[PDB]
Each structure stands twice: as structure tokens, then as C-alpha cells.
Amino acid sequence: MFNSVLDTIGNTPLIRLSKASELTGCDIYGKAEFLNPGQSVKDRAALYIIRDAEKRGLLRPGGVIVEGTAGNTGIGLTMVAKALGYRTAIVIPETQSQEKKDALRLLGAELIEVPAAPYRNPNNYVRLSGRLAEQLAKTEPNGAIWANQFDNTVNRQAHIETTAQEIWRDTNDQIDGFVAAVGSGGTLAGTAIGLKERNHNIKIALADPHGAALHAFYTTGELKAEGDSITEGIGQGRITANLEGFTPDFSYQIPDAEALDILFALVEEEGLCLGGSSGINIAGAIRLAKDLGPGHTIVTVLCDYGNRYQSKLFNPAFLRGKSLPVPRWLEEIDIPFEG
């Protein structure tokens, strides 16, 4: 029933979050986007972006897709590209986890590592990937397109047409609230459009880590960032094109300790080891449940696995340096060798 791995993208299950549901008197669920074949939520935008470039005649067999990505979008793009007969040129900051870079080279991406840089600096990997697409388009006979996830609204469109419909159908029209953190804004803005189209009374919440500017913008009008977060995949300092015209009904600023407490307990109590953005998202789902009151159904997103972030998110020495909680179980049996 599946002609290729592309047919396994999406249609992900809702997993009940036991301790969060018990604490709030609500039914809280996390959408298991980590069960996508590329192992993250980004498979959805990756498919839609490449299909859009095809339908517009911008990609011909053997063409190249260029993207500035911290990793997940690169993995999703290269998987879809190889299945459909295209190539990828991936600009990634050199600071990202080795596990992510290896996955990209194993899948066949052409990998270009650059130093980390704030968006203000033109050598920021996103702005730089735009100029790389412009450069390669001059010499690629089969096309060279800029995926441009942050500002290509086909990203948002993927979540309008798939994520929101799956959530609407899987909760049997009973969902009361949806909450997610923002990177490009595709997940939150797109799911919100699709959910509110189905029921304008659904409440939408932003979950924002320290060091992002979006909570301040929506609540005070100022794009002001304070502190920093060790979570990765999220944290946005400008209104991207995917965020254009979006306003959340609730907005929460989640400190790292709150998200990590949830993540560490989820490993031990519920057998789930998830990335930093999932801790921010579940923390926001609990906040939303408290504002709505008991008896409601809330859905958030479990964006990727915790594996790829062990050296920081689950590292005692690194966490202690930032005064963050430490996984208790990472803090002497006689082996019964014979002879």
C-alpha cells in the first residue's frame, strides 16, 4: 500500500501524556512526529516544499535543493530528494550535533558547515544558504532551488492540509486547545489555520523558550529576547513569512528547568526520550490546560527524539554549569565472570 518511504510521512499517532493529564484534569496528547521516517516533524514541510518546486517547473530530474538547516529539515529534504531523483546542498552550523551531521552525509547530502552567527550577520547559515542557491542556479542545468523553510509558506501549507486534519480527525472533533513552540512557525501557524477553520473556538497557544523574542512581541509589542535556552530546533527572533498574520490566543514563556523536569520524568515514567522542543511543548500544554480548566482536550507536538542531543540536554556536567536540573539516574554491580 506504500510505493515508497514518502508514503510513510505523516499520519502520526496521538500519544496520551499520562502525568500531564493527571496533573491538570485534562486529556493531554502529544503528536508523535518522531515516528516520521526522517525522525522529525520536518518531513512534512520537506515533502511539500519539494513537491511545490516540482509543480512549478523549477526542479527537473537531477536538480539540486539548497537549504540552510540546523539538521532536521536537511534530513527530511535529502530523504525526499533521493527518493524522487534530486540532490541536496545543505548549509549547517558547525555547532550542531555530530549525530545530525553523520545522518546527513549518510543520506547523501552535500554538507557545508559554517560557524554559528546571529541572523543580523549575513554569514548566518539561513541568509548564506540563500546566496548559495543563487550561486548554484547559475550552473545547475536541472535547476537549483532554495527550500527557504523559514520564509516559504508552503511550510505552513503542509500543516494546514495534513497536521491539522489528522488532529481534528484523531480527536473526533473534540480538541479544545493546541500548543506548540516556533522555529519557522509552520507547525503552529499552519495547524492553527486548519484547526480554526474546523472550529473557530479552538484555542491556540505559543510555547516560547528563553532567548526567543516571540512571547514578548505578542504580549507587549516588542521583539525582545532575554536569556538563552539549551533546547534546539526552536527560538525565533523575527516574524517569518510563515508567522505572517498569526496571533496566538495564549502565550507562555517556558524556562529550561521547567521543560527539563518534564523531559527527564517522561524518560523514567513513560518510556519516552524526546528532544528539547518537546519539553517546551508539553510544558506549554500544561499551562494551557490550567488556563482552560479541567475537562478539556489539549494536543501538542513531540517533534523529535532526545538521542541527538545527549551531549547537552542529558549531560550532567553541561547542565550543572548552567544551574539546570540533572537526570537523577545518570548520577556498581559485581560482574559474575567465570575464570
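Note that residue numbering follows the sequence shown and begins at 1.
Visitor: Just how many deposited residues go unmodelled from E22 to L23: none, 1 to 3, 4 to 9, or 10 or more?
Guide: Unmodelled stretch: none, continuous chain.
Visitor: Averaging CA B factors per stretch from the PDB record, which one is higher: 258-266 or 194-202?
Guide: Taking the mean B-factor of the alpha carbons in each, 194-202 is higher.
Visitor: Mean C-alpha B-factor higher for 239-247, or for 67-75?
Guide: According to the entry, 239-247 carries the higher average C-alpha B-factor.
Visitor: Check the PDB entry and point out which of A89, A137, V179, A147 has the largest C-alpha temperature factor.
Guide: In the PDB entry, the greatest C-alpha B-factor among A89, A137, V179, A147 is found at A137.
Visitor: Tell me which of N155, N124, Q253, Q174 tops the list for C-alpha B factor in the record.
Guide: In the PDB entry, the greatest C-alpha B-factor among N155, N124, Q253, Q174 is found at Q174.
Visitor: Which third of the chain holds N142 when residues are ordered by C-alpha B factor: lowest, middle or highest?
Guide: For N142, the deposited C-alpha B-factor lands in the highest third.
Visitor: Taking the chain's C-alpha temperature factors as the reference, tell me which third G227 falls into: lowest, middle or highest.
Guide: Highest third of the chain for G227's C-alpha B-factor.
Visitor: Which third, lowest, middle or highest, does the C-alpha temperature factor of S323 belong to within its own chain?
Guide: It belongs to the highest third of the chain when residues are ordered by C-alpha B-factor.
Visitor: By its CA B factor, does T187 count among the lowest, middle or highest third of the modelled residues in the chain?
Guide: It falls in the bottom third of the chain.
Visitor: Determine, from the deposited record, the chain-internal third of the Cα B-factor for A317: lowest, middle or highest.
Guide: Tercile = highest for this residue's CA B-factor.
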